[PDB]
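For reference, the structure discussed in these notes is given below.
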Amino acid sequence: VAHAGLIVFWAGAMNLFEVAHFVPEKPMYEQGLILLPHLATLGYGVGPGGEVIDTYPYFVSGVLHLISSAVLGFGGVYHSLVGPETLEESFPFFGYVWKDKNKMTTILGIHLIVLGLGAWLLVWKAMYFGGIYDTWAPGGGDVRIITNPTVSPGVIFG
Amino acid sequence: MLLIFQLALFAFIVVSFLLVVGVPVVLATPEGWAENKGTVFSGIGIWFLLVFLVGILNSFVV
Amino acid sequence: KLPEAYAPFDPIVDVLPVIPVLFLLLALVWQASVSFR
Amino acid sequence: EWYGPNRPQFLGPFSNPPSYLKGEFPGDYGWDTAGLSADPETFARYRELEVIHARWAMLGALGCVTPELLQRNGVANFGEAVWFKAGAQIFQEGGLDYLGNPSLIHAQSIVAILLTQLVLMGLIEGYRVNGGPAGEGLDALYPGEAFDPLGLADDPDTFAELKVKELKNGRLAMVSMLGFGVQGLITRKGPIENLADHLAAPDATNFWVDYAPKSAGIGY
Amino acid sequence: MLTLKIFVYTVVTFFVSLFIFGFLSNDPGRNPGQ
Amino acid sequence: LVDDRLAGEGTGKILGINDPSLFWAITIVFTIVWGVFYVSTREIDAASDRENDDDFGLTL
Amino acid sequence: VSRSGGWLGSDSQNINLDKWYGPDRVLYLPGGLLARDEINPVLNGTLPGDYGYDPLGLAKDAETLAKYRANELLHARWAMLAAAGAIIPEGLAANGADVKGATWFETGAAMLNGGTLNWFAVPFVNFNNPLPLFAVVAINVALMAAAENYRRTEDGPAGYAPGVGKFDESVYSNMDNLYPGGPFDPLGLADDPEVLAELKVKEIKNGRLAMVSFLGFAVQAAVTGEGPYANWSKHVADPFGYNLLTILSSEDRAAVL
Ligand code: CHL
Ligand code: CLA
Ligand code: CLA
Ligand SMILES: CCCCCCCCCCCCCCCCCC(=O)OC[C@H](CO[C@@H]1O[C@H](CO)[C@H](O)[C@H](O)[C@H]1O)OC(=O)CCCCCCCCCCCCCCCCC
Ligand SMILES: CC1=C(/C=C/C(C)=C/C=C/C(C)=C/C=C/C=C(C)/C=C/C=C(C)/C=C/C2=C(C)CCCC2(C)C)C(C)(C)CCC1
Ligand SMILES: CC/C=C\C/C=C\C/C=C\CCCCCCCC(=O)O
């Protein structure tokens, strides 16, 4: 949990650092940014042709990541310092043994469900919540809405 | 309104610094976590209240 | 750039990303203080 | 009556019940001319099958006569009022709206309907044959309790009378449903439309004159 | 040229299947451990 | 043209299979090896003098 | 023979009352943040829904706890009914039905001069209720007053209810002030003590959720100005574009860089 908090902390801090050092007279790739282009491809604060129009969503994302990192770090510090040392007798649902195949498979299934939910959350953005940036859109690249995704087995297997 | 928002943000920063420096010290002392729980709980509550207040006040200064 | 209301706090932002490296160094310092038992 | 040696029979004064039909169960008119119920186990299975078929047939007959009557009277408006064309409304542009207004069901997918029906009906039938939330050791065919909220069958004699009435009504419903199926198959029209056409000209509109001469070598 | 492709495909799939089904045949039990 | 060639480079075929003959070769060889391996699994497992219950395998 | 069973086959009930009653019941804070010794001694895990949550020492003794439990149960049931009847008609009218005064804080104003309140007996027929405002208020006041006077009297007239049957004015004896049962329980779900206890816990939790929901309804109506269904629909359509922070900003914000 502490390591996850560290990851979220880096994400938020780097987003804030990159958004505070951004000038509009130069393109994104000319200023050494690597996290901002990730949010641009999701259709946040960009316009037709690929010109940055707004900056506030990047700030919002960075702030949210930083505060969530604070919460995660507190949780990790608690669970690592004063929490239960071995949670196989007080919390049987969360307890496990490395050699117990059924419990490990159950945990794997739970996290698979979580990852599938994350993928579906990405899918919902391109359909209903404004769409994502499409660089092949007619009349120049722009934030489109994907209405007819390709779910053909031959295309996916290709 | 801008001055109030900046004061709230500074208070949030100082409370966060106090929590960062104090929580490990309280948790890493023998029989210190089991006694000084009220201070940590109040600090966490003040931290959450300050972050919510800053979020609310951001809508007027931006 | 940061919004005009967050301008005074720019120096705080400029030093944030080094904290994970500081965390690794702090782990080493804690091990040293414990005397590498 | 309705039980014992003095019950009415399925042929009238010409009564000759088999040896295994003692008149112990509802709807026992002594009609087994094929000996299909000589084994008591098969007799019990057939009794359960008959009762379940009766109940399903009553529900189906009511559900096949209601929407068409409503649409023909002009009270409501459906995408397809005929009973053998109600399933194709899910393929229409507007979906399937209950009684015509788009604020009631507005069903759009056939896969979702299929999966939900599979899960729900499987669970409730497993409850019926094993026991579930509404009971664990009740009767197989007449459980009662939660399924008899307002007690109508509490006196044992009234229970038997209601059993007989239910079985006879369900048998009439089964015959009506078989007629519905065959008779929309031949005429390609709803039961109410067929009834209206017959009531218009009973001699001209029928089965024999209308379709019988075209039942060998000519189209219908 | 198609015959050469078929022959090479057969050889490659033969060896790869041998590898897979040999490593599936209770390999972590062929050790001198007590 | 002047000559003939397979002409499959840079096409994007599944597993490079431009021919049912290639598909059949792959499938037949894999099935033969799998069938030979299948019948020996009971004997191989019995070499460890243990039953293949839920506690089988190399564990720590 | 039994009147209850599992929903998932044979031997699939597994009712665990030790999670909601007794010394091992779940509290309002995890075991690492609050020891079980800090709980008010009056809250001994006997009433349903007891999470051991009483910060402002409001449970002095058993009598005050019982009175507050009666008030809480009444409020929870009314909150259930209010939340359902305030969220459903508005969605019905927004999806394409003909409902007048769908929004909950406008139905009273709908029948002011000569307006009539259509009633939708879903899904069969939409009625044309012709009762005027004065008749409506008189009938509602009379019925509610009679029912609530019966409740406080702990007695009632003779009638007939399904399950129990035709009852005289004597069935009301030994009837609980909060869980009367009998005529009010026709389906007979309150026959197993374990099932009854878990149903009580479920009821109290759903009631607390409904209370919080209607408080949110009132605050949303005060602030945003439209019905609860409209807020939900607009937020689901645009999560980051329609929320409290977006609504609070009374003017559009200039683009940052
Ligand atoms: C999806 C889960 C599901 C499960 C697990 C069961 C399970 C069961 N059902 Mg149930 N049902 C389920 C869904 C449904 N059932 C029914 C309606 C019935 C009836 C009416 C009966 C059962 C009965 C039974 C029991 C034995 C059935 C059997 O042997 O198959 C037999 C296998 C077949 C494939 C049947 C083939 C159909 C049949 C030969 C005639 C079909 C005729 C044509 C459709 C023509 C009709 C057109 C005319 C009317 C116009 C068994 C416990 C029977 C029972 O044992 O009663 C005591 C019983 O009589 N079920 C419906 C309504 C369509 C369901 C879903 O919608
Ligand atoms: C990553 C997974 C994770 C897991 C498996 C556990 C597991 C456990 N925790 Mg820990 N914990 C975590 C993270 C995690 N924790 C975090 C991030 C925090 C900081 C808030 C804590 C703080 C914490 C406390 C204070 C306590 C425990 C204790 C326990 C036990 C559960 C009993 C309970 O009452 O907790 C419930 C704890 C909650 C925080 C409340 C529920 C909050 C809901 C579930 C969150 C909904 C958010 C949703 C999942 C979205 C998350 C975003 C995601 C994408 C990152 C169990 C051993 C308890 C124990 O008894 O220890 C002795 C206890 O005292 N944990
Ligand atoms: C907290 C209590 C509560 C209150 C005060 C209201 C209040 C109101 N509702 Mg809401 N409602 C509620 C909860 C509540 N509702 C619940 C729980 C639901 C179901 C989820 C609904 C669903 C609903 C609908 C569908 C509609 C309303 C509407 C309205 C209005 C009624 C208009 C009317 O014509 O009614 C006439 C009502 C009746 C004649 C009452 C019939 C009730 C029967 C008689 C039950 C009594 C049972 C008894 C045992 C019967 C035995 C007799 C037997 C022998 C026959 C009014 C503002 C209407 C509207 O237009 O508002 C915008 C409307 O369309 N409500
Ligand atoms: C996926 C299941 C894996 C199960 C276990 C596998 C064990 C493997 C053991 C080792 C085998 C290594 C040698 C393999 C040789 C045969 C393949 C070959 O030469 O193909 C060479 C052929 C070339 O095919 C060419 O195609 C052309 C048209 O496109 C023409 O037709 C040419 O004539 C034709 O030769 O390529 C393929 O068959 C494509 C293989 C695609 C494999 C996708 C795997 C997806 C799942 C895994 C994803 C991760 C993969 C690793 C990524 C990171 C790597 C650092
Ligand atoms: C256990 C352990 C460890 C580890 C640890 C860890 C890993 C931790 C983490 C932790 C964490 C991970 C934490 C975090 C925190 C955070 C915080 C505390 C935050 C804050 C924030 C803020 C305050 C913000 C602000 C702002 C805003 C709001 C807006 C804009 C501006 C600014 C930015 C100013 C070690 C290695 C030592 C070793 C030993 C053991
Ligand atoms: C007995 C019937 C049961 C199962 C058989 C089912 C499906 C068989 C289907 C296909 C077999 C041939 C596969 C050919 C793959 C593509 C080859 C190519 O790309 O040329």
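Chains as they are written, first to last, in the deposited numbering: chain c, 54 to 211; chain z, 1 to 62; chain k, 6 to 42; chain n, 28 to 247; chain i, 1 to 34; chain w, 388 to 447; chain s, 37 to 293.
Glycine included, each C-beta is placed from N, C-alpha and C at the ideal position.
What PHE210 (chain c) touches in chain w, judged by beta-carbon distance under 9 Å, is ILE401, going in chain order. Counted as a single uninterrupted DSSP element, the beta strand (DSSP E) harbouring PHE203 (chain s) occupies residues 201-203. One Cα belongs to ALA115 (chain n), the other to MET201 (chain n), and the distance between them is close to 24 Å. For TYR196 (chain s), the beta-bridge partners assigned by DSSP are s:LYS202. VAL15 (chain z) is outside the set of residues whose beta carbon lies under 7 Å from a beta carbon in chain k.
By a beta-carbon distance limit of 8 Å, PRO219 (chain s) contacts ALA197 (chain s). Their separation comes to about 4 Å. A distance criterion of 6 Å places the beta-carbon of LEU59 (chain c) in contact range of ligand 5, judged by its closest non-hydrogen atom. Taken from the Cβ of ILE79 (chain n), at least one heavy atom of ligand 1 lies inside 6 Å. For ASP182 (chain n), there is no enclosing alpha helix (DSSP H), as DSSP gives it neither H nor E. In this structure, the straight-line span from the alpha carbon of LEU153 (chain s) to that of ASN201 (chain c) is close to 44 Å.
The C-alpha of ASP212 (chain s) lies about 24 Å from the C-alpha of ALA178 (chain s). Those residues of the stretch 47-62 of chain z placed with their C-beta closer than 8 Å to a C-beta in chain s are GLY55, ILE56, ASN58, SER59, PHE60, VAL62, ordered along the chain. Residue state for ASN107 (chain s) is assigned as helix, using DSSP reduced to three classes. Under the three-pair Cβ rule at 8 Å, the stretch 99-119 of chain n does not count as touching the stretch 99-116 of chain s.
Interface criterion met: the Cβ of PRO129 (chain n) is under 7 Å from a Cβ in chain s. Annotation: the continuous alpha helix (DSSP H) that includes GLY126 (chain c) extends over 109-134. Against chain z, a Cβ distance below 9 Å from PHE14 (chain k) picks out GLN6, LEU9, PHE10, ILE13. The C-alpha of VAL61 (chain c) is placed about 20 Å away from the C-alpha of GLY169 (chain c).
The closest heavy atom of ligand 3 lies less than 6 Å from the beta carbon of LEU153 (chain s). Between the stretch 108-116 of chain c and the stretch 148-155 of chain c, the count of C-beta pairs closer than 8 Å stays below three; the two stretches do not touch. Within chain s, the residues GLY68 have their CB atoms less than 7 Å from the CB of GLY136 (chain c), given in chain order.
Excluding sequence positions up to five before and after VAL76 (chain c), its CB lies within less than 8 Å of the CB of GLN84, all in the same chain and listed in chain order. For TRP411 (chain w), the uninterrupted alpha helix (DSSP H) segment begins and ends at 407-425. Our two residues, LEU33 (chain k) and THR139 (chain c), have alpha carbons roughly 25 Å apart in a direct line. Judged by the Cβ position, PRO101 (chain c) fails to qualify as a neighbour of ligand 3 at the 6 Å threshold, every heavy atom of the ligand being at least this far. In this structure, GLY58 (chain c) sits near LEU125 (chain c), with a CB-CB distance shorter than 7 Å. The nearest non-hydrogen atom of ligand 5 is less than 6 Å from the C-beta of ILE13 (chain z). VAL292 (chain s) belongs to the set of residues whose beta carbon lies under 7 Å from a beta carbon in chain c. Closer than 6 Å to some heavy atom of ligand 3: that describes the Cβ of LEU117 (chain s). What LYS156 (chain c) touches in chain w, judged by beta-carbon distance under 9 Å, is nothing: the nearest beta carbon there is about 12 Å away. Ranked by Cα distance from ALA55 (chain c), the options c:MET81, c:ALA123, c:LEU117 are led by c:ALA123. Taking a beta-carbon distance threshold of 7 Å, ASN131 (chain s) counts as an interface residue toward chain n. By the Cβ test, the stretch 8-16 of chain i is in contact with the stretch 397-417 of chain w, since at least three Cβ pairs between them sit closer than 8 Å. Counting along the chain, the unbroken alpha helix (DSSP H) around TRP83 (chain n) starts and ends at 67-99. Of the residues s:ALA118, s:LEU44, s:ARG61, the one whose Cα lies closest to the Cα of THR139 (chain s) is s:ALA118.
For the pair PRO94 (chain n) and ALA108 (chain n), the CB atoms are nearer than the 7 Å cut-off.
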